[PDB]
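**Student:** Test case, fold it:
(chains A and B)
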Amino acid sequence: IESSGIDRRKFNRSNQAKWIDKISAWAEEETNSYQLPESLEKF
DNA sequence: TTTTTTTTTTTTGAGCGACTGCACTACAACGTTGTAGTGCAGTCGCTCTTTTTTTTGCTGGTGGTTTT
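**Tutor:** Numbers count the residues shown, from 1 in each chain, chains lettered A, B, ... in the order given. The protein structure is shown below:
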């Protein structure tokens, strides 16, 4: 846990859990950008 | 095979990016609280060119406009 990393990441993981329902969509969630190793290491 | 009427407009920009406000936790100052950093959402500016390039048969040839 970093100072830039807020404790509301479980809400983003719950939003990503509701995203995996069907593959008919085309646009992914913005919160996947929270799960990047280039962004998590800098935070 | 015939025939009738009639004068009212509307609608239209959206993605990119910043400003500002409220919530939310991390961490140091004085268990608790104030300050700092970030996320999310409502509100708002802005801005979207320029232009020009061509061969065509004067009557090419038994052709041909006009009055009773």
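**Student:** contacts, neighbours, all on C-alpha from now
**Tutor:** Fine.
**Student:** Provide a list of residues in contact with the residue nearest the centre of chain A.
**Tutor:** For chain A, the residue sitting closest to the mean C-alpha position, by Cα atoms, centre = their mean, is residue A:31 at 3.2 Å. Residues counted as contacts of residue A:31 (Cα atoms under 8 Å, 6 or more residues apart in numbering) are A:12, A:15-16.
**Student:** Of these, which is the nearest to DNA strand B?
**Tutor:** residue A:12 (6.6 Å; Cα to the nearest atom of the strand).
**Student:** which residues does residue A:33 contact?
**Tutor:** Residue A:33 is in contact with residue A:39, counting by Cα under 8 Å, 6+ apart.
**Student:** one more time with 10 Å, if that's ok
**Tutor:** For residue A:33, the contacting residues are A:39-40, by Cα atoms under 10 Å, 6 or more residues apart in numbering.
**Student:** What separation is there between it and residue A:43?
**Tutor:** Distance of residue A:33 to residue A:43, given as Cα to Cα, to the nearest Å: 13 Å.
**Student:** near DNA strand B, which residues of chain A show up?
**Tutor:** Counting by Cα under 7 Å from any atom of the strand, the residues of chain A lying close to DNA strand B are A:1-8, A:12, A:31.
**Student:** buried subset of those residues?
**Tutor:** Among the residues of chain A next to DNA strand B, those buried by neighbour count (16 or more other Cα atoms under 10 Å) are residue A:12.
**Student:** From residue A:1, how far off is the residue nearest to the centre of chain A?
**Tutor:** 17 Å.
**Student:** repeat for residue A:24
**Tutor:** Counting by Cα to Cα, the gap from residue A:24 to residue A:1 is 35 Å.
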